[PDB]
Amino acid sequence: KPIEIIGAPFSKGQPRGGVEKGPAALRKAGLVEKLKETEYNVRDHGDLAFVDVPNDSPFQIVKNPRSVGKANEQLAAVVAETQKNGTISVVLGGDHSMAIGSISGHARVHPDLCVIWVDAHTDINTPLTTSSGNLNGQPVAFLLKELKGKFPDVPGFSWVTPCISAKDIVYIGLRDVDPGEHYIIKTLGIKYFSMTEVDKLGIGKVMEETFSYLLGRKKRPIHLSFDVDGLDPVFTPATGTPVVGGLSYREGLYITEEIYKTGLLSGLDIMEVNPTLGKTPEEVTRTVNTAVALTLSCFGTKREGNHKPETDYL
């Protein structure tokens, strides 16, 4: 199968300068070369160039609406295109906000896709619920059909079309949920596994459920939109919103491994890596290194080891 790395150097989704530098940091780390060594064909589509909308006045609270709307629009166009060509897309972020268009394009080619959202936050705040204008906790709100019209249309997102509903998504590792955001997910009965559920059940049982829940009936394309703020800071320290008591480098690798083993991996988002927020070159190397680790995992690097077929090492 083919792999399409797509650059997403964006940051307007939030107030902390840095996330744009993400893809550059991941690539430098040897992301593209390492992948090749896998059983997949890899093509690096490069980084998209986002046109900065001048005088992007705030829509009430929401910040840089037009900038974000446009950037995403462009992305959904590219994702949609490669998905069309039947290649598995891999979106290197900026900030999560770009999850909007990375799923949009995908649903376009695969309308019956399910979504496994790895984050510590729901990011389902609507333009009426955000405490900050950061589109960085609103991605899911623009994607849900259930939340359609449940808030004013925003400058620049006129193009988005709620592609998935609450019966297709599954959060994993929630540990910082705002009131409004807890309300919504309880209201729309959205399937999740906050850190407590993980604790209780175990990464293993949790992955077993998310799977029978999102695939029990129909086997469909899976979209893994991973927030690096998903794991604990001790592994992914260079992020905008580090929340203590998160997913272990193991638990998380487990995840990307099982999902590899489903063979249904279609789209993948590596978001919120921020090479500048590193308190020491070490925390930035650490952060990056595991990010690359998850990715290679999603594409078959097993911890039990790997060997090329048909080769007699004896």
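Numbers follow the displayed sequence, beginning with 1.
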{"query": "Per the entry, higher mean C-alpha B factor between 95-103 and 140-148", "finding": "140-148"}
{"query": "Between the two ranges 158-166 and 225-233, the one averaging a larger CA B factor in the entry", "finding": "158-166"}
{"query": "Among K261, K279, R43, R286 - the residue whose C-alpha B-factor is largest in the record", "finding": "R43"}
{"query": "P275, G245, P65, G267, ranked by C-alpha B-factor: the highest one", "finding": "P65"}
{"query": "Ranked C-alpha temperature factor of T130 among modelled chain residues, by third", "finding": "highest"}
{"query": "Position of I88 among the chain's modelled residues by C-alpha B-factor, lowest, middle or highest third", "finding": "middle"}
{"query": "Where the record places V206 (Cα B-factor, split into thirds across the chain)", "finding": "middle"}
{"query": "Third of the chain's Cα B-factor distribution that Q14 belongs to, per the entry", "finding": "highest"}
{"query": "Relative C-alpha B-factor of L214, binned into the chain's lowest, middle or highest third", "finding": "highest"}
